[PDB]
$ cat my_file07.txt   # compact mmCIF, C-alpha atoms and all ligand atoms
# COMPACT_ATOMS: atom_id res chain seq x y z
CA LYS A 1 0.00 0.00 0.00
CA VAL A 2 1.02 3.62 -0.51
CA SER A 3 0.25 4.42 3.12
CA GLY A 4 1.64 1.09 4.32
CA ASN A 5 -0.38 -2.01 5.15
CA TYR A 6 0.66 -3.13 8.64
CA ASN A 7 -1.91 -5.90 9.16
CA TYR A 8 0.51 -8.74 8.32
CA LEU A 9 2.30 -10.10 11.38
CA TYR A 10 4.76 -12.82 12.34
CA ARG A 11 5.96 -14.28 15.63
CA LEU A 12 9.48 -13.32 16.72
CA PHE A 13 10.17 -15.21 19.97
CA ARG A 14 9.02 -18.58 21.26
CA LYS A 15 10.28 -20.74 24.10
CA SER A 16 10.52 -23.82 21.87
CA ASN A 17 10.54 -24.99 18.27
CA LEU A 18 7.01 -25.89 17.18
CA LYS A 19 6.20 -29.34 15.85
CA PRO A 20 5.10 -29.86 12.22
CA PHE A 21 1.86 -28.07 11.25
CA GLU A 22 1.48 -26.43 14.69
CA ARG A 23 -0.11 -23.01 14.90
CA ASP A 24 -0.30 -20.67 17.88
CA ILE A 25 -2.53 -17.68 18.58
CA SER A 26 -1.44 -16.75 22.11
CA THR A 27 -0.12 -13.19 22.36
CA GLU A 28 1.16 -13.36 25.94
CA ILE A 29 4.31 -11.41 26.75
CA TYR A 30 7.56 -13.32 26.25
CA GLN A 31 10.03 -12.99 29.12
CA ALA A 32 13.82 -13.05 28.75
CA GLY A 33 15.19 -12.47 32.24
CA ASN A 34 15.03 -15.00 35.04
CA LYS A 35 12.81 -12.73 37.14
CA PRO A 36 9.19 -13.12 35.96
CA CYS A 37 7.37 -10.12 34.54
CA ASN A 38 3.70 -9.41 33.96
CA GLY A 39 1.32 -6.65 32.98
CA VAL A 40 2.63 -4.71 29.99
CA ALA A 41 5.81 -4.29 27.97
CA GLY A 42 9.07 -3.13 29.51
CA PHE A 43 12.49 -4.58 30.28
CA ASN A 44 13.53 -8.19 29.57
CA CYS A 45 10.08 -9.00 28.18
CA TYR A 46 8.34 -7.71 25.09
CA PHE A 47 5.58 -8.39 22.55
CA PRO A 48 6.27 -11.56 20.53
CA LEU A 49 4.79 -10.16 17.28
CA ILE B 1 -20.25 -39.28 31.73
CA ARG B 2 -20.71 -36.99 28.73
CA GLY B 3 -17.67 -35.23 27.33
CA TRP B 4 -14.05 -34.13 27.49
CA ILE B 5 -11.84 -31.06 27.66
CA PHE B 6 -8.40 -31.03 26.05
CA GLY B 7 -5.76 -28.33 26.16
CA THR B 8 -2.57 -27.12 27.75
CA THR B 9 -3.56 -24.57 30.41
CA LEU B 10 -7.34 -24.10 30.02
CA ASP B 11 -7.29 -20.43 31.06
CA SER B 12 -8.67 -18.63 27.99
CA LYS B 13 -5.23 -17.87 26.53
CA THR B 14 -4.65 -21.08 24.54
CA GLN B 15 -6.96 -23.01 22.25
CA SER B 16 -8.78 -26.01 23.68
CA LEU B 17 -11.02 -28.86 22.54
CA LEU B 18 -14.51 -29.22 23.96
CA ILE B 19 -16.26 -32.48 23.08
CA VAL B 20 -19.88 -32.74 24.24
CA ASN B 21 -22.43 -35.31 23.03
CA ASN B 22 -25.19 -34.94 25.60
CA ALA B 23 -28.56 -35.32 23.87
CA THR B 24 -28.85 -33.72 20.44
CA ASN B 25 -25.61 -34.47 18.58
CA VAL B 26 -21.83 -34.45 19.07
CA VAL B 27 -20.42 -30.92 19.20
CA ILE B 28 -16.65 -30.54 18.83
CA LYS B 29 -15.21 -27.07 19.32
CA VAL B 30 -11.65 -25.79 18.92
CA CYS B 31 -11.75 -22.57 20.89
CA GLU B 32 -10.16 -20.68 23.79
CA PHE B 33 -12.98 -20.91 26.30
CA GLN B 34 -12.83 -19.32 29.75
CA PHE B 35 -13.37 -22.45 31.82
CA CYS B 36 -14.89 -22.22 35.29
CA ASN B 37 -13.61 -23.82 38.49
CA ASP B 38 -16.05 -26.76 38.55
CA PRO B 39 -17.73 -27.42 35.19
CA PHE B 40 -20.75 -29.72 35.28
CA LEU B 41 -24.04 -30.40 33.50
CA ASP B 42 -25.82 -32.39 36.24
CA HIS B 43 -26.92 -30.29 39.22
CA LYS B 44 -30.62 -29.40 39.13
CA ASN B 45 -33.17 -29.64 41.93
CA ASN B 46 -33.66 -31.94 43.41
CA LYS B 47 -32.54 -35.50 42.63
CA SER B 48 -33.13 -35.67 38.85
CA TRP B 49 -30.27 -34.71 36.55
CA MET B 50 -30.95 -31.92 34.06
CA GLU B 51 -28.98 -29.91 31.51
CA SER B 52 -28.25 -27.13 34.01
CA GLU B 53 -25.28 -24.76 33.76
CA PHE B 54 -24.97 -25.53 30.05
CA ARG B 55 -22.70 -22.49 29.53
CA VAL B 56 -19.69 -24.02 31.26
CA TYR B 57 -17.64 -21.77 28.97
CA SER B 58 -18.15 -18.04 29.50
CA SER B 59 -16.53 -16.67 26.33
CA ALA B 60 -15.41 -17.50 22.80
CA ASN B 61 -13.61 -14.68 20.99
CA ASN B 62 -12.23 -16.15 17.75
CA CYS B 63 -11.88 -19.86 17.09
CA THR B 64 -11.90 -22.46 14.42
CA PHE B 65 -14.13 -25.53 14.38
CA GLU B 66 -17.87 -26.10 14.59
CA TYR B 67 -18.44 -29.81 13.97
CA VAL B 68 -21.58 -31.92 14.38
CA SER B 69 -22.18 -35.67 14.16
CA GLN B 70 -24.68 -38.27 15.29
CA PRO B 71 -24.68 -39.08 19.03
CA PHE B 72 -23.86 -42.34 20.82
CA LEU B 73 -25.92 -44.92 22.69
CA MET B 74 -27.23 -43.28 25.87
CA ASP B 75 -29.15 -44.35 28.97
CA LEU B 76 -32.37 -42.85 30.33
CA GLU B 77 -32.60 -41.65 33.95
CA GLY B 78 -30.15 -42.70 36.66
CA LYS B 79 -29.60 -46.35 37.61
CA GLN B 80 -26.92 -47.20 40.16
CA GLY B 81 -25.14 -50.51 39.66
CA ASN B 82 -25.99 -53.33 37.26
CA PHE B 83 -23.99 -51.66 34.51
CA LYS B 84 -24.66 -53.20 31.10
CA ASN B 85 -22.71 -50.62 29.05
CA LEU B 86 -18.92 -50.69 28.73
CA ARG B 87 -17.47 -47.93 26.54
CA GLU B 88 -13.82 -47.55 25.58
CA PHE B 89 -12.20 -44.81 23.52
CA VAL B 90 -8.60 -44.03 22.66
CA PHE B 91 -7.43 -40.50 21.82
CA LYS B 92 -4.20 -39.76 19.98
CA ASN B 93 -2.89 -36.70 18.12
CA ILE B 94 -0.29 -37.04 15.36
CA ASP B 95 0.70 -34.17 13.05
CA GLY B 96 -2.40 -32.28 14.13
CA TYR B 97 -4.68 -35.12 13.16
CA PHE B 98 -6.58 -35.82 16.35
CA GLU C 1 9.41 10.95 37.61
CA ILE C 2 11.41 8.95 40.17
CA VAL C 3 14.05 10.62 42.35
CA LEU C 4 16.56 8.57 44.36
CA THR C 5 18.40 10.10 47.32
CA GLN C 6 21.63 8.39 48.39
CA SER C 7 22.83 8.53 52.00
CA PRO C 8 25.12 9.19 53.70
CA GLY C 9 26.55 11.97 51.53
CA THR C 10 30.18 11.41 52.54
CA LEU C 11 32.06 8.77 54.51
CA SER C 12 35.47 8.53 56.17
CA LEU C 13 36.08 5.15 57.81
CA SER C 14 39.13 3.05 58.57
CA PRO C 15 39.94 0.48 55.85
CA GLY C 16 38.58 -3.00 56.47
CA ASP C 17 35.54 -1.75 58.40
CA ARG C 18 31.90 -2.54 57.61
CA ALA C 19 29.98 0.14 55.72
CA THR C 20 26.37 0.45 54.60
CA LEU C 21 24.63 2.81 52.17
CA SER C 22 20.96 3.50 51.48
CA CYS C 23 18.91 5.17 48.77
CA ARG C 24 15.42 6.63 48.68
CA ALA C 25 12.67 6.39 46.05
CA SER C 26 9.40 8.31 45.85
CA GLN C 27 7.54 6.32 43.17
CA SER C 28 5.98 2.84 43.29
CA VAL C 29 7.77 0.03 45.12
CA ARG C 30 10.02 -2.34 43.17
CA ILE C 31 12.91 -4.44 44.47
CA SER C 32 14.16 -6.54 41.53
CA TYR C 33 14.69 -3.63 39.09
CA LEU C 34 17.36 -1.77 41.09
CA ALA C 35 21.07 -1.77 40.30
CA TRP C 36 24.17 -0.40 42.03
CA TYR C 37 27.05 1.15 40.09
CA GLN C 38 30.53 2.54 40.76
CA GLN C 39 32.25 5.06 38.49
CA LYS C 40 35.95 5.69 38.83
CA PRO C 41 37.47 8.93 37.51
CA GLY C 42 38.63 8.43 33.94
CA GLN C 43 36.79 5.11 33.58
CA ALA C 44 33.26 4.04 32.71
CA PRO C 45 30.93 3.02 35.56
CA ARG C 46 30.90 -0.66 36.49
CA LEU C 47 27.91 -2.67 37.69
CA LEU C 48 28.09 -4.32 41.11
CA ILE C 49 24.64 -5.64 42.11
CA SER C 50 21.67 -6.13 39.79
CA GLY C 51 18.11 -6.56 41.03
CA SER C 52 19.14 -6.20 44.71
CA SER C 53 19.14 -10.01 44.96
CA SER C 54 21.91 -11.28 42.64
CA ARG C 55 25.58 -10.62 41.94
CA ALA C 56 27.21 -9.82 38.61
CA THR C 57 30.13 -11.55 36.86
CA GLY C 58 33.28 -11.57 38.97
CA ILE C 59 31.78 -9.53 41.83
CA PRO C 60 33.19 -10.69 45.20
CA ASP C 61 30.99 -11.44 48.21
CA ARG C 62 32.01 -8.05 49.64
CA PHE C 63 28.88 -6.35 48.27
CA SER C 64 25.62 -7.57 49.84
CA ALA C 65 22.24 -6.13 48.87
CA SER C 66 19.31 -5.76 51.26
CA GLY C 67 16.03 -3.90 51.65
CA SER C 68 12.46 -4.99 50.96
CA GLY C 69 10.47 -1.75 50.93
CA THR C 70 10.98 1.44 48.97
CA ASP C 71 14.38 1.84 50.64
CA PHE C 72 17.33 0.17 48.93
CA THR C 73 20.45 -0.76 50.88
CA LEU C 74 23.91 -2.14 50.16
CA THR C 75 26.64 -3.30 52.53
CA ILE C 76 30.40 -3.68 52.12
CA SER C 77 32.05 -5.98 54.65
CA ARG C 78 35.63 -4.70 54.31
CA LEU C 79 36.89 -1.37 52.94
CA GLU C 80 39.90 -2.53 50.97
CA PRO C 81 41.84 0.59 49.89
CA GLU C 82 40.69 0.29 46.25
CA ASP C 83 36.97 0.28 47.09
CA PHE C 84 36.89 4.09 47.37
CA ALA C 85 34.48 5.13 44.61
CA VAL C 86 31.01 6.61 44.04
CA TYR C 87 27.74 4.70 44.36
CA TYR C 88 24.67 5.06 42.12
CA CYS C 89 21.21 3.52 42.54
CA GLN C 90 19.29 2.98 39.29
CA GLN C 91 15.68 1.84 38.83
CA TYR C 92 14.17 0.11 35.79
CA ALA C 93 10.44 -0.42 36.39
CA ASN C 94 9.15 3.12 35.84
CA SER C 95 8.68 5.72 33.12
CA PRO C 96 12.02 6.99 31.89
CA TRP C 97 14.73 5.73 34.22
CA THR C 98 16.87 8.06 36.32
CA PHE C 99 20.00 7.55 38.43
CA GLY C 100 20.81 8.98 41.86
CA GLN C 101 23.19 11.75 42.79
CA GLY C 102 26.07 9.64 44.11
CA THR C 103 27.59 8.62 47.43
CA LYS C 104 31.33 9.28 47.80
CA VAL C 105 33.51 7.40 50.30
CA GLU C 106 36.74 9.00 51.53
CA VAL C 107 39.77 7.73 53.42
CA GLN D 1 36.49 -11.47 24.40
CA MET D 2 33.12 -10.02 25.42
CA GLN D 3 34.10 -6.37 25.15
CA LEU D 4 32.77 -3.19 23.55
CA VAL D 5 34.82 -0.59 21.67
CA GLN D 6 33.82 2.99 20.92
CA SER D 7 35.20 5.90 18.92
CA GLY D 8 37.47 8.57 20.34
CA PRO D 9 36.71 12.04 21.69
CA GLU D 10 35.62 14.61 19.13
CA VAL D 11 35.35 18.39 18.81
CA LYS D 12 32.65 19.99 16.65
CA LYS D 13 31.13 23.38 15.84
CA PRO D 14 27.74 24.99 16.51
CA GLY D 15 25.00 24.54 13.94
CA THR D 16 26.06 21.00 13.03
CA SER D 17 24.95 17.43 13.73
CA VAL D 18 26.92 14.52 15.17
CA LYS D 19 26.63 10.79 14.42
CA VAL D 20 27.88 8.56 17.25
CA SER D 21 28.47 4.80 17.10
CA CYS D 22 29.96 2.00 19.20
CA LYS D 23 30.89 -1.54 18.15
CA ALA D 24 31.41 -4.88 19.87
CA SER D 25 33.99 -7.68 19.85
CA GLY D 26 32.06 -10.79 18.86
CA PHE D 27 28.85 -9.62 20.54
CA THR D 28 25.73 -9.71 18.37
CA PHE D 29 22.85 -7.26 18.54
CA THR D 30 20.41 -10.09 17.61
CA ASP D 31 16.81 -9.47 18.74
CA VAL D 32 16.56 -9.98 22.51
CA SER D 33 19.68 -7.88 23.19
CA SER D 34 18.97 -4.22 23.95
CA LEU D 35 21.46 -1.39 24.50
CA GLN D 36 21.00 1.90 26.37
CA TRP D 37 22.94 5.17 26.27
CA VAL D 38 24.17 7.23 29.22
CA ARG D 39 26.00 10.55 29.43
CA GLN D 40 28.38 11.96 32.05
CA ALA D 41 29.40 15.62 32.27
CA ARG D 42 32.23 17.16 34.29
CA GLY D 43 31.37 16.30 37.89
CA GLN D 44 27.67 15.78 37.17
CA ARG D 45 25.20 13.01 37.92
CA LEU D 46 24.56 10.34 35.29
CA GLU D 47 21.53 10.89 33.06
CA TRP D 48 19.54 8.35 31.08
CA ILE D 49 18.95 9.16 27.40
CA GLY D 50 17.39 6.17 25.64
CA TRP D 51 17.38 2.45 25.00
CA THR D 52 16.22 0.62 21.88
CA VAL D 53 15.19 -2.90 20.90
CA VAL D 54 17.05 -4.26 17.88
CA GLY D 55 14.45 -6.92 17.13
CA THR D 56 11.06 -5.29 17.71
CA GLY D 57 12.37 -1.84 16.78
CA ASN D 58 10.82 -0.17 19.83
CA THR D 59 12.61 2.90 21.18
CA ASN D 60 12.48 4.86 24.44
CA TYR D 61 13.45 8.52 24.79
CA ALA D 62 13.59 11.10 27.54
CA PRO D 63 10.94 13.86 27.41
CA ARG D 64 13.71 16.47 27.28
CA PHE D 65 15.43 14.61 24.41
CA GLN D 66 12.24 14.06 22.40
CA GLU D 67 13.06 16.50 19.59
CA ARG D 68 16.77 16.52 18.67
CA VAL D 69 18.16 12.99 19.08
CA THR D 70 17.57 9.73 17.19
CA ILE D 71 18.74 6.23 18.13
CA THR D 72 18.81 3.36 15.63
CA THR D 73 20.29 -0.14 15.54
CA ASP D 74 21.54 -2.45 12.79
CA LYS D 75 21.74 -6.14 13.67
CA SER D 76 23.52 -7.09 10.43
CA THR D 77 26.43 -4.79 11.26
CA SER D 78 25.56 -4.98 14.99
CA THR D 79 25.97 -1.20 15.25
CA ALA D 80 24.15 1.63 17.01
CA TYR D 81 23.72 5.10 15.50
CA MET D 82 22.82 8.24 17.44
CA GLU D 83 22.05 11.36 15.43
CA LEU D 84 22.30 14.46 17.63
CA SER D 85 21.35 17.90 16.33
CA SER D 86 22.22 21.32 17.78
CA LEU D 87 24.93 20.26 20.22
CA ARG D 88 25.48 23.08 22.72
CA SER D 89 28.10 23.54 25.43
CA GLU D 90 25.84 21.69 27.87
CA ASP D 91 25.94 18.71 25.48
CA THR D 92 29.74 18.40 25.76
CA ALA D 93 30.20 15.23 27.82
CA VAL D 94 31.19 11.55 27.69
CA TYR D 95 28.79 9.05 26.13
CA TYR D 96 28.62 5.36 27.03
CA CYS D 97 26.61 2.54 25.46
CA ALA D 98 25.75 -0.49 27.60
CA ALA D 99 24.18 -3.86 26.83
CA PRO D 100 23.88 -7.08 28.85
CA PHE D 101 25.47 -10.42 28.02
CA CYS D 102 22.31 -11.34 26.15
CA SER D 103 22.63 -14.52 24.08
CA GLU D 104 20.46 -17.56 23.36
CA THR D 105 17.31 -15.44 23.94
CA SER D 106 18.09 -15.41 27.67
CA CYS D 107 19.89 -12.82 29.78
CA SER D 108 19.78 -11.25 33.24
CA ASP D 109 18.70 -7.72 34.19
CA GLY D 110 22.23 -6.31 34.67
CA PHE D 111 24.30 -4.53 32.02
CA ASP D 112 27.81 -5.89 32.55
CA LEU D 113 29.29 -4.50 29.33
CA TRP D 114 30.48 -0.89 29.42
CA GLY D 115 32.16 1.09 26.66
CA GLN D 116 34.98 3.56 27.17
CA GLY D 117 32.80 6.49 26.11
CA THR D 118 33.21 9.38 23.67
CA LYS D 119 34.14 12.85 24.93
CA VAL D 120 32.14 15.11 22.60
CA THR D 121 32.79 18.85 22.89
CA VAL D 122 31.21 21.55 20.72
CA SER D 123 32.37 25.16 20.90
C1 LIG E 1 3.02 -27.48 24.21
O1 LIG E 1 2.68 -27.03 25.52
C2 LIG E 1 3.58 -27.50 26.55
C3 LIG E 1 3.04 -26.99 27.86
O2 LIG E 1 3.12 -25.57 27.94
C4 LIG E 1 5.00 -27.03 26.27
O3 LIG E 1 5.86 -27.64 27.23
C5 LIG E 1 6.87 -26.72 27.69
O4 LIG E 1 8.15 -27.05 27.13
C6 LIG E 1 9.21 -26.17 27.54
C7 LIG E 1 10.44 -26.60 26.78
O5 LIG E 1 11.32 -25.51 26.56
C8 LIG E 1 9.38 -26.24 29.05
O6 LIG E 1 10.40 -25.33 29.45
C9 LIG E 1 8.07 -25.89 29.73
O7 LIG E 1 8.20 -26.06 31.14
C10 LIG E 1 6.94 -26.78 29.21
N1 LIG E 1 5.67 -26.38 29.81
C11 LIG E 1 5.24 -26.84 30.98
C12 LIG E 1 3.91 -26.33 31.44
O8 LIG E 1 5.89 -27.65 31.65
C13 LIG E 1 5.43 -27.44 24.86
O9 LIG E 1 6.70 -26.87 24.55
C14 LIG E 1 4.41 -26.97 23.84
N2 LIG E 1 4.78 -27.39 22.50
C15 LIG E 1 5.10 -26.54 21.52
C16 LIG E 1 5.46 -27.16 20.21
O10 LIG E 1 5.08 -25.32 21.68

$ encode --input "my_file07.txt" --output "structure tokens"
Amino acid sequence: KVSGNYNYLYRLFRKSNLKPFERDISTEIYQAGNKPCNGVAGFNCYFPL
Amino acid sequence: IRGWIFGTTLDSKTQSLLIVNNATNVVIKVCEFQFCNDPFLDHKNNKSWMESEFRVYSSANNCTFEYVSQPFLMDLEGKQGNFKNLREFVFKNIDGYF
Amino acid sequence: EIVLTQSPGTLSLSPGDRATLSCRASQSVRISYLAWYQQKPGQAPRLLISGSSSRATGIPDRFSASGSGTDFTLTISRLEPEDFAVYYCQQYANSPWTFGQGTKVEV
Amino acid sequence: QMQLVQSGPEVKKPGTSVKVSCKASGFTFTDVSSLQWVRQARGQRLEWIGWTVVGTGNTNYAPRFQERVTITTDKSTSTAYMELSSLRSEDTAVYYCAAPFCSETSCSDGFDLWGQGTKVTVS
């Protein structure tokens, strides 16, 4: 699109390699640090899309 | 015994299978329901079972399957002991084919 | 929007003694997103304790973190003559992060 | 070794822009790894400027620095670019870029790595 179609997405992080033909729809925040995080985006955990 | 729930966490963040074949047909749903603490379809005053609390799932935002098929052999009313029906199923998922 | 106050302002203790420092926050309470840093003159600051509950790479057991509430505390068991530096508390959990002012220890 | 290198001190003139960069020694920007920038003036408290995410592309900036600084990252070259416009005498200080030992999509909350810093002075 001239203005830029941004409705196509792709997952960036996942804790494990998915098995053949798997799909996933969960959009829960992906944590990187050992200390668990929750709520919204911030440090050591982000949006996986 | 009526149906089954399959999934990984069952907390409305991951898809789950609901299989219910109570009276009408067999409904199979692939959906991220919000399951309650104690799902049941039995409790209704006073001693006779009824299809109460049918909405064991409280939500269904966006999800895939809506399948229907003929039901199984049932029993009328509640008889304790003297079981003449033995049912056995096996469930197995390979390459997504459940 | 978070301001950290580091106390005491200055110190002058015999080497090998036990010292403790504290720092003050005014925003919401968080204990695992605080870090302690030392900056020497002419060199970049170095991290000592991260999250107030874990040590960094190569950090000796000299530095011990404490505190549960809004206060944040650190303790040095022995004041070996090279430990004289400045201390900074840094928070992570809030809207844009901000350091402290700095606690200086003297001989 | 796991170390970060940065350019040397520079002197510039008013009415000009400055591009600042710092590189690593075998460290990869990847996606999970994120680097922040700090500045130190002559006998002044440390101030936070901004940190960016190489993978998601999200950036954070200070409200004071919301109009004349830009931070970008390039994973392929594993570099960080700061464009600073209208550098005054108050902007003459030492810059440091810090990132944690963030590999295999797992890393703690402490930034161990610390660059030497660039002494930027504009007269
Ligand atoms: C299917 O779901 C299960 C359950 O969440 C996943 O099992 C996890 O596997 C990782 C491996 O890195 C473990 O660290 C987790 O502890 C496991 N979860 C639990 C609850 O123990 C499994 O990885 C998922 N499969 C796919 C292909 O994503």

$ atom_distance --input "my_file07.txt" --atom1 "atom CA of residue A:24" --atom2 "atom CA of residue B:58"
21.5 Å

$ closest_atom_pairs --input "my_file07.txt" --of "chain B" --to "ligand LIG 1 (chain E)" --cutoff "10 Å" --atoms "all atoms listed in the file" --output "Markdown table"
| residue | atom | partner | partner_atom | distance |
| --- | --- | --- | --- | --- |
| B:7 | CA | E:LIG1 | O1 | 8.6 |
| B:8 | CA | E:LIG1 | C3 | 5.6 |
| B:9 | CA | E:LIG1 | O2 | 7.2 |
| B:14 | CA | E:LIG1 | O1 | 9.5 |

$ atom_distance --input "my_file07.txt" --atom1 "atom CA of residue A:48" --atom2 "atom CA of residue C:93"
19.8 Å

$ interface_residues --input "my_file07.txt" --of "chain A" --to "chain C" --cutoff "8 Å" --atoms "only C-alpha atoms" --output "PyMOL selection string"
chain A and resi 35+42-43

$ residues_around --input "my_file07.txt" --residues "residue C:61" --least-positions-apart "5" --cutoff "9 Å" --atoms "all atoms listed in the file" --output "compact mmCIF listing (two decimals) with C-alpha atoms, in the coordinates of the input"
# COMPACT_ATOMS: atom_id res chain seq x y z
CA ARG C 55 25.58 -10.62 41.94
CA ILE C 76 30.40 -3.68 52.12
CA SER C 77 32.05 -5.98 54.65

$ atom_distance --input "my_file07.txt" --atom1 "atom CA of residue D:4" --atom2 "atom CA of residue C:37"
18.0 Å

$ closest_atom_pairs --input "my_file07.txt" --of "stretch 6-63 of chain D" --to "stretch 84-95 of chain D" --cutoff "9 Å" --atoms "all atoms listed in the file" --output "CSV"
residue,atom,partner,partner_atom,distance
D:9,CA,D:94,CA,8.2
D:11,CA,D:92,CA,8.9
D:12,CA,D:87,CA,8.5
D:13,CA,D:87,CA,8.2
D:14,CA,D:87,CA,6.6
D:15,CA,D:86,CA,5.7
D:16,CA,D:86,CA,6.1
D:17,CA,D:85,CA,4.5
D:18,CA,D:84,CA,5.2
D:19,CA,D:84,CA,6.5
D:20,CA,D:84,CA,8.1
D:37,CA,D:95,CA,7.0
D:38,CA,D:95,CA,5.8
D:39,CA,D:95,CA,4.6
D:40,CA,D:94,CA,5.2
D:41,CA,D:93,CA,4.5
D:42,CA,D:93,CA,7.1

$ decode --input "my_file07.txt" --residues "stretch 63-81 of chain D" --atoms "N, CA and C atoms" --output "compact mmCIF listing (two decimals), in the first residue's frame"
# COMPACT_ATOMS: atom_id res chain seq x y z
N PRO D 63 11.79 12.74 27.85
CA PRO D 63 10.94 13.86 27.41
C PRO D 63 11.73 15.09 27.01
N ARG D 64 12.86 15.35 27.67
CA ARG D 64 13.71 16.47 27.28
C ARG D 64 14.38 16.23 25.94
N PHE D 65 14.72 14.97 25.63
CA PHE D 65 15.43 14.61 24.41
C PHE D 65 14.48 14.06 23.35
N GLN D 66 13.26 14.59 23.29
CA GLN D 66 12.24 14.06 22.40
C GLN D 66 12.19 14.77 21.05
N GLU D 67 13.13 15.69 20.79
CA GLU D 67 13.06 16.50 19.59
C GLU D 67 14.36 16.60 18.79
N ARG D 68 15.51 16.26 19.37
CA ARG D 68 16.77 16.52 18.67
C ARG D 68 17.76 15.38 18.80
N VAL D 69 17.29 14.16 19.04
CA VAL D 69 18.16 12.99 19.08
C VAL D 69 17.40 11.79 18.51
N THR D 70 18.13 10.94 17.78
CA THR D 70 17.57 9.73 17.19
C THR D 70 18.51 8.57 17.45
N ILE D 71 17.97 7.43 17.87
CA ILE D 71 18.74 6.23 18.13
C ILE D 71 18.23 5.11 17.23
N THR D 72 19.15 4.46 16.52
CA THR D 72 18.81 3.36 15.63
C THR D 72 19.83 2.25 15.80
N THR D 73 19.43 1.03 15.43
CA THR D 73 20.29 -0.14 15.54
C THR D 73 20.27 -0.94 14.25
N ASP D 74 21.40 -1.58 13.95
CA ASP D 74 21.54 -2.45 12.79
C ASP D 74 22.12 -3.78 13.25
N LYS D 75 21.29 -4.82 13.25
CA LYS D 75 21.74 -6.14 13.67
C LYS D 75 22.80 -6.70 12.72
N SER D 76 22.61 -6.52 11.41
CA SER D 76 23.52 -7.09 10.43
C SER D 76 24.95 -6.63 10.66
N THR D 77 25.14 -5.33 10.86
CA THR D 77 26.43 -4.79 11.26
C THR D 77 26.59 -4.69 12.77
N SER D 78 25.53 -5.00 13.52
CA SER D 78 25.56 -4.98 14.99
C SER D 78 26.04 -3.63 15.52
N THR D 79 25.55 -2.55 14.92
CA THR D 79 25.97 -1.20 15.25
C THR D 79 24.80 -0.39 15.78
N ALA D 80 25.13 0.69 16.49
CA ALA D 80 24.15 1.63 17.01
C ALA D 80 24.51 3.03 16.54
N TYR D 81 23.53 3.76 16.02
CA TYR D 81 23.72 5.10 15.50
C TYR D 81 22.88 6.08 16.31
